[PDB]
Amino acid sequence: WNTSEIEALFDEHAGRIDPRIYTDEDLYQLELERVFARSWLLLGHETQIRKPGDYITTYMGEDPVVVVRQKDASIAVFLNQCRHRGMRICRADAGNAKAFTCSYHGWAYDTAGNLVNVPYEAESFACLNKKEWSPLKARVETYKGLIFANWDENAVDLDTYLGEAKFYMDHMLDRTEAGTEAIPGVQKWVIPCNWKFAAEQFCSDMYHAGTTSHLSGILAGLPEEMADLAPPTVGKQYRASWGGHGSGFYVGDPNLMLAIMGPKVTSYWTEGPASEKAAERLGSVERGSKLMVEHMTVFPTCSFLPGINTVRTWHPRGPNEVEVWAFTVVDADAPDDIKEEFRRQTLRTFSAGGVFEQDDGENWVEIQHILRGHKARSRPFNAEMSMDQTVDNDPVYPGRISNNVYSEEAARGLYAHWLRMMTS
Amino acid sequence: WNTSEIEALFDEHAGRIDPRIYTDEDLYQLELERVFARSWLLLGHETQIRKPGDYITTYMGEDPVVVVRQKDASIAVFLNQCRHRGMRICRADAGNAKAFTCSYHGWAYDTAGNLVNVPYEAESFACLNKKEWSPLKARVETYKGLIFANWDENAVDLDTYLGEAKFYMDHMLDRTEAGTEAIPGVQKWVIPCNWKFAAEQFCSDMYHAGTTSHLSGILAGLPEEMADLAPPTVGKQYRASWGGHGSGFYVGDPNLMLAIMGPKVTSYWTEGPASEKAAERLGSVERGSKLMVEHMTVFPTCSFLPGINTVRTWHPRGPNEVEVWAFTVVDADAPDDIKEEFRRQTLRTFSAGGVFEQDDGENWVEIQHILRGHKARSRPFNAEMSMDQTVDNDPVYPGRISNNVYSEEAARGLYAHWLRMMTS
Amino acid sequence: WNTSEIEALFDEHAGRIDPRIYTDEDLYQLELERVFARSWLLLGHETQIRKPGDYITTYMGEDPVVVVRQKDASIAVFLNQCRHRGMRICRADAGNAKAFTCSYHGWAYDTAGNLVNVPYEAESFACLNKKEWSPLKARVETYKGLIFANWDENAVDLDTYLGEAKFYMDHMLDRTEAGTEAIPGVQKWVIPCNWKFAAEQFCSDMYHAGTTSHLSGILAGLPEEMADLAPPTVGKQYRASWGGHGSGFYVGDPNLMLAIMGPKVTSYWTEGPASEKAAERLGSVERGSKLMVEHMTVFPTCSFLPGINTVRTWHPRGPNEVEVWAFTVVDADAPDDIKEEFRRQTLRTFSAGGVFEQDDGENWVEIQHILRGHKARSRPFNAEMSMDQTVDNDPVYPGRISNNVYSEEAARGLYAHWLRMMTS
Amino acid sequence: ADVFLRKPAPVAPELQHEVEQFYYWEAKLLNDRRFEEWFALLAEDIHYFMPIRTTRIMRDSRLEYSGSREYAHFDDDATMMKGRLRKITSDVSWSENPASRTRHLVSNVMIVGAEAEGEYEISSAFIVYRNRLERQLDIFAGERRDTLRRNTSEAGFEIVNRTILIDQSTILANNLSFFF
Amino acid sequence: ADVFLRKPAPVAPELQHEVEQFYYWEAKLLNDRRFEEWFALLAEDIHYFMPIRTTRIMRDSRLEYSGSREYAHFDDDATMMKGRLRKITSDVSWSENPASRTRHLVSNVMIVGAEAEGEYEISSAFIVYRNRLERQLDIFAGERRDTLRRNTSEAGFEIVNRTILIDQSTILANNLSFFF
Amino acid sequence: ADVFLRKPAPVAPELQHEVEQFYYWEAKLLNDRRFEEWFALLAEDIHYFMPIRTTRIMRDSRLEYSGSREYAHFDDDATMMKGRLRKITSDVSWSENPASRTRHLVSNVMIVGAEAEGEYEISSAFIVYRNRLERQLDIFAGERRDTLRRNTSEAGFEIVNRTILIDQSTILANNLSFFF
Ligand code: FES
Ligand code: FES
Ligand code: FES
Ligand SMILES: [Fe+2]
Ligand SMILES: [Fe+2]
Ligand SMILES: [Fe+2]
Ligand SMILES: [Fe+2]
C-alpha cells in the first residue's frame, strides 16, 4: 500500500467508504503503527487503581500494558512484556504489588516497570544497562478520571489532542466538583467485527438508535404502550475541528432516556438539586438539564454515552474482531440509590447481555462476515448522510455543530482523520 | 503473481498440477475475482422458491445473495448486503417476504432488492440516488429447473456458457415434459479442503468410485456377497469443447447403480414406461435406458450425479475449506414411492452422513492438511491419466468423448479452463 | 524479505534478537525451505520400529512422513502423500504393514514407499513412470538409536552435521555397549508459541531452571524443606563450533537431579556399577558420574535432557504454534526397576501434565500471545548474557566451553546458525 | 414434543434409573466401538430420524425442522441400518478406519409412558464429542426424542423411534460417520 | 457455597428426582424457545445474578467474582426480567430473530434444605451450547447456585435466587442474549 | 471394561445416588480449587492413571491405549500425588497461579460391586471445561473407570483406582495442569 492508494480508501467530498478499510490485514498493521501507536487510548478510570501498588492490565492496541498506581500517586504505564524473552510481567486482571517478577527467568521490577535487578547479575550480566532494558514506557495523561496513554514521544498532549471535545466529555465527567467514580467491575467480550464499526457508531450514529436497530430494547423499558413509540427528533451533532472526535445528543425530549435509564435516573439527570449543580458548572441550563441521551467517541477507540454513563474501550484484534471492555461511571457524590440505579440500568441495557447491546453484537458480526466476499468489498459504503448542514460558530456549542441529530458529519470527520493518520 | 507464473501452475500437455493452486491465499483471491465473479454459479432449484415473495439465501462465491421469486415470477438475485454500512438485508435461510428491511438502520427494499425508502429521508438523504445505492444485482438464468447467476455484465449467456454440456444435463433434467422438482431440504456441511478437489472429482473422477474410495459404501448396499464385487468397466467420458465441464457414466452395467440406488430406482431408471419416455425424449435408447451412474460438473462448482440425482454447490471458504450445499431432484411426475425411494437413497449414500460421501469427507480433509507442508507443495500432482484417447466426432455424444470411463481428460479440461480464466 | 533485512534480524556481536523472527509468517515459510528442508530432523527412536513392516508416522517440518522398518532392517522415510491427488498414504500413528494402499484411488506401495502398481494400469496409465511418481524420499541416518532424516540431496552427513555435538549426546546415548531403548509411548501436545522458544531453551537455558521458572516443580520433589533450596552453581555450557547445537550441565551438585529424578535414579546415574561403566566408556570419571542435569539441543528441533532422559521433537505449526512429541529413553540393560523409575519420573516432571513442563507450557503461550502487539515486536530481546566467557580449548570438553552454566552463548550460536541457514 | 407440552408426571425412581441405565449402556456401546451389540438394541421396526434444521425468522419458526417426506441427515429403517452396520465392519470403511473417538454425555432424561404396554416416550439432552486422527475435534449437542419398548433381552429395551434434534443448521463437521 | 462447605446430607431419592426433573423441564423450556412459560417459573422476588469473573493471583483469589454492589453480566429483579421477556417476544428482537439454538446439559445436582419451609439451596453444573445463524457456535460452562421454593404450580417450584457462576473471565461470545 | 462386558446388574437407587453424590462433591472440590480436601479423597493405595491414546487401524485397535509398563499422561501413586498437591499450594506454581477455571460435568454413572467388601467398579463419562487467563479455552471429554472403597470419612468413599480414558490422541491443550 503506497500513500496514493491509502487516500482513495475514503472520499469525504463524495461521502464514500471503501469497505477494504474494515478487512485488509496489511492496513490493520499500518493502523497499529500509525493510529494506535500515536493516539491517546483509554485504559480505564482512576478509581480502578486507588491505593499505591494497585494495578490493572489492559491493552493499548494489541500491546498489553500494566497500569500501576505509584507511591506519589502517579500512574505508570509500561508494555507488559519482559525484554529478556518476552514473558508477561504482570499476570492478573487487577491486584496490588510491591514489585513485579518475571516468571520465566525472575527479572524483577519496581511498581513502575523499571528493571531493578536480575538473578546472577555479577556473573552473567555485569554491563546490563537496566534502564535501556526496561519495558517500553507510555506517556500517561488523565482527563477528569479517565486514564489515557500514548506511546508517542512527540504527540500533542491529551489536552490539545482532545481540543474542544473536552466540552462534551464534561457533560458526564464534570457535573459536580466531586467528579466521577467508576462502579467496580469491567465487563469484557469478544465481537468479531472491525473496531471502526464500533468507534464510528458511538461517534455519530444516533440514526441507528432512532430507527430499527433498538426497537425491542426500547420496548423492554416501557410500561405494559406498544409499537407507537415517539422517537425524539430535536437534537444536535458535533464534529471536532481536528482529531476525529464526535458526539450527538437529543435536546428536551425525555422519551429515549426514559426507556433506557428509567424515571429515577432521568429525573436525577434533568431536574432537582444535582441537575441544577450541573447546569451551573456547565454554564447553561440546556447543557446541564436538557440533554437526553448523547453518544460520543474520542478517536480512535474511546466511547461513552453521557446520561446512560457506560464507558468503553474498543480493543482491536485484527481487522476482523474487537474486544469490548466496558464499565459504568457515576458522580462520586450522587446518592446511594442513584448509583445503584445507574448500575442496574447500564447492565440491563448497554452490556454484552443488555437489551440494547445484545443487538449491536448480532448486527456487527454479520457486517464483518459478509465482508469475507469479493463483490462485497468492491463498492463503497454510503457515508453521504446530511451533507453541508453545519455551522461552525454556534453561540453555545463549539466545533462543527449541526441541528440534525441524524447525520454522518461526525462519522465523516472520524474517517477523514483516520485518513490523515494513515497517510503521514 | 504475474501472468507467466500463473501459467506454470498447470501443464496440460505434460499432465501436471502444481498443488499450490489448492493452497495459495492470493490465488484464492484472484479466483474469487476471475472465476467466481465471471462464471454462472448454481444457487438452487426453482421449486425451492415457488410463490411470489419466496426467498432462499446462499452464496455466489463468498458473497451472500438473496434469491427471491418476483410477482411476474422472475427470479431476482442481489448481494445480501445493505450499501449503507453493510448489514445483512435478509437474515433467514428461506421464507416469504413482501419487503426487506435492514435491521441496522431500517433502509427498506422491494422483493427485488431495490432500495425503496430510507428513514428521515427528507432531512438527511434528499439527493439519495436510491438506484445507484441499491445492492449489486446478478444476472439470473435458469436451465430446466437449476437456477444460475452471474455478476458479469458481459459474459456469454448461460446457454452459450454451458455449450454442449446441456446434452448431459438433460440426462437428469429433461427425462419428462414435466421436468424436475427438488425434494425440500438442502443439507449443508463444512469440509476443510479446497473446492477444486470436490469440483474435479465430480467432473472426471469415476476412477475413485470404481477402485478403493467407496468399497465399503458399495458393500453396504449389497445383500447378505462380499469382496467379490463386479465393477462396471464399459463406459464413456466427456470433456466440454470450451468452459471446463465434464461428465462420465457407465453403459449397460447395472451393478454400481444397484449398490447405490437399490432395485426399485435402478428399475425405474432403465426399464418400464418412465425409462421409455426418457429414451424417446433423449433421442436414444442408450441415453435413456442404458446409462448407469454418471457424474458431472458444470464449471466451476455445480455438480450432480444423474441417476443418483443429488445436486450440489461447492461454496468456497478460502483455499482451505469448502461448504457442500446439496439437495435431491426427482422427475416431477414420477410416482409417490419412486420419489420417496430417491429421497431415502440419496441421503443414505451421498450425504454428509451417507455411506459414500462420509468417506470423501475424510479423504479430502487429509489431502488439504498435508498440503500445509513445504515439500508437499513443491512437486506437481499427476494428471496424466488416459492421455490421447479422445475422438471429437462420436455419432451420438457431443464434444471430446473417450471410451475409457477411467480418465483424467475431463479433469484436464477443467484445469485448462481454470487456467484460461485465471490468466485473462 | 531480501537478504540484507534477514541479516538485521539477529545481531550476535551486540547480542540482540528481533522478535519478528518468532512471528512473521513469510519468514516461517523461508524457515520451512531453508532450515527444515535442509537439516537433520529427529523422527524418533529405533526401538519404536523394531520388526520389518513396522512404521510410525511423524513430521519433518510440516510434511508428514512415514518411517518404516525394511526387510534388510533399513529405515525408509517418504513424504506421506500419494502423488496422484495428495491423499495420505499411511493413516495410523504406528503399526505393521506388508504394503500401503492409497485410499482415494488405490495406488499401492511397498513398505519403502515405491509405487508398485496402479489400478487399471494397462488402459489408463501405460507410460506411468512409477519411479518418478513415487513419494519424495528422505535420507535416513541414525545416531546411537535416534533416527534422523534430511530431504537434502547434498547436505553434510549426520555425522559431520553433528560435529563434536556427538560428545554430548554420548552422555545419554552411549553409557553402555547395550545402547538405549525408548520406553513405548510418545506423548503429543499442542503449544501455541514459536518453535525457537522451545529449541533455544533446551539449547542454552539452564538459567530458567535455576531461577524462578520451576520453583514449584522442584518443591514437589522435595521431602516434607521449603523455600530454602540450594541451586547448583558449578557447571559448564557448550556451544558447537558449527551448526548451532548447544548443551549445558551441572557438575558435582546432586541437588537438582534429586528434586527431579529422585534418589534411586540419581544414585544409578552417579555411583555404583552402571555409573562406573559409563565413566570408563565416556573416558572420564567426571563425564560419567559427576554431570547432574544437562540439557541439549541438536539444531533445529531435536532436544533432550541426559540424566532426566526425556527426548523430544518440536514440530512447527506456523510461527505461532509448535507440537511437542516426546518419549523417554533408558539404557537397554539397566535393571527393571530403574527403567520403571525413569518412566514414572520423566512423566511426573517433563510431560504435558508434568510438574515442570506444565509451567513451560504456560509461559511460552504468553510470550507468543503478547507478540501479537505492534510495539511488542518493535524492539529486540536481550541475548547478551555472559558474553566473552568462552575458551575453545578445554582439556576435556570440545567446542566453545564456558564455566558459567548460566549463559546465552549457546543460544547465540543457535541464532547465529539459524541466520546462516536463512541467508544462503 | 406433542407428548412433552405438559411437564411429565412423576415416575418411580427405579423406572427413571432403569431408563437412564439403558442410555448409559447404549453410550458405552457406541463410545467403545461395540457396534454389533449397539445395532442389536434397534427394534425391528426401527425408525432412525434426524431432520435438517434451518435458520428461520420467529414467525416462520414452525418450519425450522425438515418434515415427514423431506430430505434429512438420517431417516433409516432396519434394512438401511443393517447396511450401515455392514460398513462399520470393514477395514475399507475409511471414515471409521481408523475409528473416531466418541463420547456421549447423556442427561435431562424425561419419561412418559406411551399408549402401548411397555413403551415409553423419552426426551433426553446430549453432547457428543467426536475426536479423530491427530487434531480433528467436533462437538455436537441436541435432544433425542425416543420411543423405547420393553424387552426380553439383557439390555431390557429396544429403540423403536429415535429423532435426533441437532443444535446446528449447517453441519459443522466434515461428516456424520458415527451414531447419535 | 456458604451452604456447600460441607458435603450435603443424603436426601430422599424422590426429592433428588423431583428437583432434577424440575431442571430438565426448565431446560426444555429454554431450549425450546418457550420463554413465556419459563418466566412463569420465576418467583415474584426473583433475583437473577451472574457476577463478572476475573483472573486473579491465588492469594488475591477472594476477589475473583464481582460482589454485591458491583457491575455484573446480569443482576435482575422481577421487573427487569419482565422487560427482558418482552424483548424476546418481538419480531424486532434481532439477537433472538432468528432465534438461537440452545442446549442446557444439567448435572451434578446437589440439594440442601434451607431455613424456610419448602425452600432449597441447589448446586448444579451446566454446559450451555449456543448455535445460531449458519456457523456461530458458543460453548459456556459453569455452576448454578439456586434457591428453589415449592409451589402450587404444575412445575412444583419457583426460582427465588439464581447465581450463575460462569467459567469465563472475558465473555467468549458476541453477546449473552439467552438465559442460563 | 473387563467388568463392563455385560450390562451392569440393577442397583438400589440409594447406592446410585450415594455414588453420583460422591462424584458431584468431588467435582465441586476440583472446580472450586479446594485441592487440599480433594487429595484427602485419595485412598492410601491410590493409583491414578491416564494412558496415552493413539490413532490405530481397526484390526490394530487392541493397541489403542498405552499399556501397563508404558509411558502415559499420568501414572501416580500416593507419593507422586502428594508432590503434585504441594505444587498447587504455591504462589510460584505458574500453571495454577492464576488458577484455571474448571468444570466437571459428570454423567453415565454405572456401578458394579467388586470382590472386596465395600468396593465398587465405576464407569462414568465426563466433559472437563478448562478456561484460564483471558481467552484460553480447552474442552476435554472421556471416561473415568474408578474403583471406590467405602469409608469412615464425611465423604463416604476413597478413590483407589482411577483410569482416565481421554478422547484425544494428541493433547489439544498446552498442558494438563488440573485433575481429571
Ligand atoms: S523473559 Fe522475563 S526474565 Fe526472562
Ligand atoms: S447498514 Fe442497513 S440501513 Fe444502515
Ligand atoms: S490420490 Fe492416492 S491414488 Fe489417487
Ligand atoms: Fe446500539
Ligand atoms: Fe466419492
Ligand atoms: Fe523448563
Ligand atoms: Fe437418580
# chains A, B, ... in the order shown; residues from 1 in each chain; ligands from 1
$ select_by_dssp --residues "stretch 14-175 of chain E" --states "strand (DSSP E)" --output "JSON, numbers by chain"
{"E": [42, 43, 44, 45, 46, 47, 48, 49, 50, 51, 72, 73, 74, 75, 76, 101, 102, 103, 104, 105, 106, 107, 108, 109, 110, 111, 112, 113, 119, 120, 121, 122, 123, 124, 125, 126, 127, 128, 129, 130, 131, 132, 136, 137, 138, 139, 140, 141, 142, 143, 144, 145, 146, 147, 148, 149, 150, 157, 158, 159, 160, 161, 162, 163, 164, 165, 166]}
$ residues_around --residues "stretch 5-21 of chain F" --least-positions-apart "6" --cutoff "8 Å" --atoms "only C-alpha atoms" --output "list in words"
residues 13, 14, 17, 18, 25, 154 and 155 of chain D; 10, 13, 108 and 110 of chain E; 109, 110, 111 and 112 of chain F
$ interface_residues --of "chain B" --to "chain E" --cutoff "10 Å" --atoms "only C-alpha atoms" --output "list in words"
residues 91, 92, 93, 103, 104, 188, 189 and 190 of chain B
$ select_by_dssp --residues "stretch 140-345 of chain A" --states "helix (DSSP H, G or I)" --output "PyMOL selection string"
chain A and resi 158-173+195-204+206-209+215-220+255-270+273-282+285-289+336-345
$ residues_near_ligand --ligand "ligand 4" --cutoff "8 Å" --atoms "only C-alpha atoms and all ligand atoms" --output "PyMOL selection string"
chain A and resi 201+208-209+213-214+356-357+359-360
$ closest_atom_pairs --of "chain C" --to "ligand 6" --cutoff "12 Å" --atoms "only C-alpha atoms and all ligand atoms" --output "CSV"
residue,atom,partner,partner_atom_place_in_ligand_line,distance
C:197,CA,ligand 6,1 (Fe),10.8
C:198,CA,ligand 6,1 (Fe),8.9
C:199,CA,ligand 6,1 (Fe),11.2
C:200,CA,ligand 6,1 (Fe),11.1
C:201,CA,ligand 6,1 (Fe),7.5
C:202,CA,ligand 6,1 (Fe),8.2
C:203,CA,ligand 6,1 (Fe),11.5
C:204,CA,ligand 6,1 (Fe),11.3
C:205,CA,ligand 6,1 (Fe),8.4
C:206,CA,ligand 6,1 (Fe),8.6
C:207,CA,ligand 6,1 (Fe),9.7
C:208,CA,ligand 6,1 (Fe),6.6
C:209,CA,ligand 6,1 (Fe),6.1
C:210,CA,ligand 6,1 (Fe),9.9
C:211,CA,ligand 6,1 (Fe),10.7
C:212,CA,ligand 6,1 (Fe),10.1
C:213,CA,ligand 6,1 (Fe),6.7
C:214,CA,ligand 6,1 (Fe),6.7
C:215,CA,ligand 6,1 (Fe),10.4
C:216,CA,ligand 6,1 (Fe),11.6
C:217,CA,ligand 6,1 (Fe),9.7
C:218,CA,ligand 6,1 (Fe),11.2
C:260,CA,ligand 6,1 (Fe),11.7
C:295,CA,ligand 6,1 (Fe),10.1
C:304,CA,ligand 6,1 (Fe),11.7
C:305,CA,ligand 6,1 (Fe),10.7
C:349,CA,ligand 6,1 (Fe),9.8
C:350,CA,ligand 6,1 (Fe),8.1
C:351,CA,ligand 6,1 (Fe),10.5
C:352,CA,ligand 6,1 (Fe),11.4
C:354,CA,ligand 6,1 (Fe),10.5
C:355,CA,ligand 6,1 (Fe),9.9
C:356,CA,ligand 6,1 (Fe),6.1
C:357,CA,ligand 6,1 (Fe),5.7
C:358,CA,ligand 6,1 (Fe),8.6
C:359,CA,ligand 6,1 (Fe),7.1
C:360,CA,ligand 6,1 (Fe),5.0
C:361,CA,ligand 6,1 (Fe),8.5
C:362,CA,ligand 6,1 (Fe),10.4
C:363,CA,ligand 6,1 (Fe),9.3
C:364,CA,ligand 6,1 (Fe),9.9
$ write_last_selection --atoms "N, CA and C atoms" --output "short mmCIF file (atom, residue, chain, number, x, y, z; two decimals), in the first residue's frame"
data_model
loop_
_atom_site.label_atom_id
_atom_site.label_comp_id
_atom_site.auth_asym_id
_atom_site.auth_seq_id
_atom_site.Cartn_x
_atom_site.Cartn_y
_atom_site.Cartn_z
N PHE C 197 11.45 -20.74 20.69
CA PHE C 197 11.46 -20.62 22.14
C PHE C 197 11.77 -21.97 22.78
N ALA C 198 11.11 -23.03 22.33
CA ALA C 198 11.37 -24.37 22.83
C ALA C 198 12.81 -24.79 22.50
N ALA C 199 13.20 -24.72 21.22
CA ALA C 199 14.54 -25.17 20.83
C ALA C 199 15.60 -24.44 21.63
N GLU C 200 15.52 -23.11 21.66
CA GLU C 200 16.52 -22.26 22.32
C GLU C 200 16.65 -22.60 23.79
N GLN C 201 15.53 -22.88 24.45
CA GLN C 201 15.56 -23.20 25.88
C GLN C 201 16.37 -24.46 26.14
N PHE C 202 16.18 -25.46 25.31
CA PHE C 202 16.88 -26.70 25.54
C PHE C 202 18.33 -26.57 25.13
N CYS C 203 18.61 -25.61 24.26
CA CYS C 203 19.95 -25.35 23.78
C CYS C 203 20.83 -24.75 24.86
N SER C 204 20.33 -23.73 25.55
CA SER C 204 21.19 -22.98 26.44
C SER C 204 20.56 -22.44 27.72
N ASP C 205 19.31 -22.75 27.98
CA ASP C 205 18.59 -22.03 29.03
C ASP C 205 18.56 -22.74 30.37
N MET C 206 19.73 -23.02 30.95
CA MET C 206 19.80 -23.54 32.32
C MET C 206 19.26 -22.50 33.30
N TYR C 207 19.58 -21.23 33.00
CA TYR C 207 19.09 -20.05 33.72
C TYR C 207 17.65 -20.20 34.22
N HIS C 208 16.73 -20.61 33.35
CA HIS C 208 15.32 -20.68 33.74
C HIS C 208 15.06 -21.70 34.82
N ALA C 209 15.75 -22.84 34.77
CA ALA C 209 15.56 -23.89 35.79
C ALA C 209 16.09 -23.42 37.15
N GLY C 210 17.27 -22.80 37.09
CA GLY C 210 17.99 -22.32 38.27
C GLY C 210 17.55 -20.99 38.86
N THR C 211 16.41 -20.45 38.40
CA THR C 211 15.83 -19.20 38.92
C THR C 211 14.35 -19.38 39.31
N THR C 212 13.42 -18.77 38.57
CA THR C 212 12.01 -18.73 39.01
C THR C 212 11.03 -19.62 38.25
N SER C 213 11.41 -20.04 37.04
CA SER C 213 10.56 -20.83 36.15
C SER C 213 9.98 -22.13 36.75
N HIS C 214 10.78 -22.82 37.57
CA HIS C 214 10.42 -24.15 38.04
C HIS C 214 10.54 -24.30 39.56
N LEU C 215 10.38 -23.19 40.28
CA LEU C 215 10.47 -23.23 41.74
C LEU C 215 9.51 -24.23 42.37
N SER C 216 8.32 -24.37 41.82
CA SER C 216 7.30 -25.22 42.41
C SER C 216 7.47 -26.69 42.03
N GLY C 217 7.98 -26.93 40.83
CA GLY C 217 8.27 -28.27 40.38
C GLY C 217 9.36 -28.91 41.21
N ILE C 218 10.34 -28.11 41.59
CA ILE C 218 11.41 -28.55 42.49
C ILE C 218 10.83 -28.89 43.85
N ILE C 260 14.27 -33.69 40.74
CA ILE C 260 13.59 -34.07 39.53
C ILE C 260 13.45 -35.57 39.49
N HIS C 295 21.04 -30.33 29.67
CA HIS C 295 20.05 -30.08 28.65
C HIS C 295 20.82 -29.95 27.34
N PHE C 304 16.76 -32.94 24.31
CA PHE C 304 16.74 -33.97 25.35
C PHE C 304 17.51 -33.52 26.57
N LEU C 305 17.27 -34.20 27.68
CA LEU C 305 17.89 -33.87 28.94
C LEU C 305 18.57 -35.11 29.54
N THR C 349 7.43 -35.23 35.61
CA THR C 349 8.13 -33.96 35.57
C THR C 349 8.10 -33.28 34.21
N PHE C 350 8.72 -33.90 33.21
CA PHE C 350 8.81 -33.28 31.89
C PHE C 350 7.81 -33.73 30.87
N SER C 351 6.54 -33.73 31.26
CA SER C 351 5.46 -34.12 30.39
C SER C 351 4.45 -32.96 30.32
N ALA C 352 3.56 -32.99 29.31
CA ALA C 352 2.40 -32.10 29.27
C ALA C 352 1.79 -31.78 30.64
N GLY C 354 3.31 -32.71 33.51
CA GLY C 354 4.38 -32.91 34.49
C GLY C 354 4.61 -31.66 35.29
N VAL C 355 5.06 -31.81 36.54
CA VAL C 355 5.22 -30.64 37.44
C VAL C 355 6.29 -29.64 36.99
N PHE C 356 7.03 -29.97 35.95
CA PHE C 356 7.93 -28.99 35.36
C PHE C 356 7.34 -28.45 34.08
N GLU C 357 7.09 -29.33 33.13
CA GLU C 357 6.74 -28.87 31.80
C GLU C 357 5.35 -28.17 31.71
N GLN C 358 4.43 -28.50 32.63
CA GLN C 358 3.25 -27.68 32.91
C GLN C 358 3.51 -26.20 32.79
N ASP C 359 4.51 -25.73 33.52
CA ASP C 359 4.82 -24.32 33.64
C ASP C 359 5.49 -23.75 32.40
N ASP C 360 6.30 -24.54 31.70
CA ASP C 360 6.90 -24.03 30.48
C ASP C 360 5.79 -23.76 29.46
N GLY C 361 4.81 -24.67 29.41
CA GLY C 361 3.64 -24.53 28.54
C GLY C 361 2.98 -23.19 28.76
N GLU C 362 2.60 -22.93 30.01
CA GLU C 362 2.01 -21.66 30.41
C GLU C 362 2.82 -20.40 30.05
N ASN C 363 4.12 -20.42 30.27
CA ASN C 363 4.93 -19.26 29.94
C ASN C 363 4.93 -19.04 28.45
N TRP C 364 5.24 -20.09 27.70
CA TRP C 364 5.52 -19.95 26.26
C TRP C 364 4.38 -19.34 25.50
#
$ residues_around --residues "stretch 178-186 of chain C" --least-positions-apart "6" --cutoff "8 Å" --atoms "only C-alpha atoms" --output "PyMOL selection string"
(chain C and resi 45-48+144-145+325-333+343) or (chain F and resi 52+66+70-72)
$ write_last_selection --atoms "C-alpha atoms" --output "CSV table (one decimal), in the first residue's frame"
chain,number,residue,atom,x,y,z
C,45,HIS,CA,14.0,-43.9,18.3
C,46,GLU,CA,14.9,-47.2,16.5
C,47,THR,CA,13.2,-49.4,19.1
C,48,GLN,CA,9.9,-47.7,18.1
C,144,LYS,CA,23.0,-44.5,18.5
C,145,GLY,CA,19.3,-45.1,18.4
C,325,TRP,CA,6.3,-35.1,20.6
C,326,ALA,CA,8.2,-36.6,23.5
C,327,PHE,CA,9.3,-40.0,24.7
C,328,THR,CA,11.8,-41.4,27.3
C,329,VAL,CA,15.0,-43.4,26.7
C,330,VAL,CA,16.6,-45.8,29.1
C,331,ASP,CA,19.8,-47.8,28.9
C,332,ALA,CA,18.7,-51.1,27.3
C,333,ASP,CA,20.3,-53.2,30.0
C,343,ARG,CA,9.3,-43.8,33.4
F,52,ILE,CA,-1.7,-42.2,26.1
F,66,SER,CA,-0.7,-47.4,26.2
F,70,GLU,CA,4.4,-47.8,29.1
F,71,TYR,CA,4.6,-44.0,29.1
F,72,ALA,CA,1.4,-42.2,30.0
$ interface_residues --of "chain B" --to "chain C" --cutoff "8 Å" --atoms "only C-alpha atoms" --output "VMD selection string"
chain B and resid 207 to 208 211 to 213 363 to 364 366 to 367 370 to 376 380 to 387 404 406 to 407
$ interface_residues --of "chain D" --to "chain E" --cutoff "6 Å" --atoms "only C-alpha atoms" --output "PyMOL selection string"
chain D and resi 55-58+108+167+170
